[PDB]
Amino acid sequence: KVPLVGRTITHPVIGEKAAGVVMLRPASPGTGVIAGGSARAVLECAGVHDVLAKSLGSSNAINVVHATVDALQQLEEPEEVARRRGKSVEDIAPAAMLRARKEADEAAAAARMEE
RNA sequence: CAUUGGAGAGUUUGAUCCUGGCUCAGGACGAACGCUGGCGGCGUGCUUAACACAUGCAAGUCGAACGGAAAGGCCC
Ligand SMILES: [Mg+2]
Ligand SMILES: [Mg+2]
Ligand SMILES: [Mg+2]
């Protein structure tokens, strides 16, 4: 599973397997998947629609894919961050991020009911 | 107590991974060249020889400072 805060990455990450470093940052809605071919394919399959991904280190497709994979695995969903810190999401995480999560969920509700 | 923002590709090997250079996709210009060329709007136009320059023009004005009267102008 990949934690998406409304069609985008939860928080910036930097993953690296072997030598394939991949940097990921969340982006505002409508930004798209600004990523290289392999990392872009990984993100598009994961369902991220607004992300900025850069490929540092080697450009080998397999290693870049593994680096994108563990960069995504390093993602830490806000509820589990709160569980980690023994606090609440309203106490640990940015209000804008939480709000955007509510509007994403509600727009999701709209889509579901419309089905 | 969130962001307005980051894409790669080819090429060392029989094959692989890494390192690594080289090359390319983008944008730009006070540009030139080739082919081509309808119009309008707004800009811009010797980057080199601070090289040598024909010709015209680019700094005059004041008679309410002055003697005046060479012209035009009035009066004989
Ligand atoms: Mg390394
Ligand atoms: Mg060799
Ligand atoms: Mg070969």
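Structure determination for this entry, per the PDB record, employed cryo-EM and reached 2.84 Å resolution.

Within the PDB entry, the label attached to chain A reads 30S ribosomal protein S5, and the organism entered is Cutibacterium acnes. Its PDB title, taken directly from the record, is "Cutibacterium acnes 30S ribosomal subunit with Sarecycline bound, body domain only in the local refined map". Among the UniProt annotations of chain A, the heading Subunit (unreviewed entry) holds the following wording: "Part of the 30S ribosomal subunit. Contacts proteins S4 and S8."

Chemist: Summarise the pattern of salt bridges; cite the residues concerned and give the values.
Modeler: Two side chains with opposite charge may pair up if their charged atoms get near one another. Scanning the model with the defined rule gives three salt bridges in all. Across the pair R7 and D50 runs a salt bridge whose closest N-O atoms are separated by 3.3 Å. With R7 in the segment before β1 (13–15) and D50 in strand β4 (residues 50–55), this residue pair connects regions lying 43 residues apart in the sequence. For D50, a relative accessible area of 1% corresponds to the buried category. The salt bridge partner of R101 is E79, with a shortest N-O separation of 2.7 Å. Linking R101 in helix α5 (residues 95–114) with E79 in helix α3 (residues 78–85), this pair joins segments that are 22 residues apart in sequence. Take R101: its relative accessible area is 16%, and that puts it in the buried class.

Calculation notes
- Residues numbered from 1 in each chain as written, not as in the entry; some residues may be left out.
- Chains lettered and ligands numbered in written order.
- Part of a larger assembly, values for the part shown.
- Heavy atoms only, no water.
- UniProt positions renumbered as here; feature names shortened; annotations may be inferred.
- Salt bridge = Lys/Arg side-chain N within 4 Å of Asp/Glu carboxyl O.
- Helix = DSSP H or I, 4+ residues; strand = E, 2+ residues; numbered from the N terminus.
- Buried < 20%, exposed > 50% of the residue type's maximum accessible area, 1.4 Å probe, protein only.

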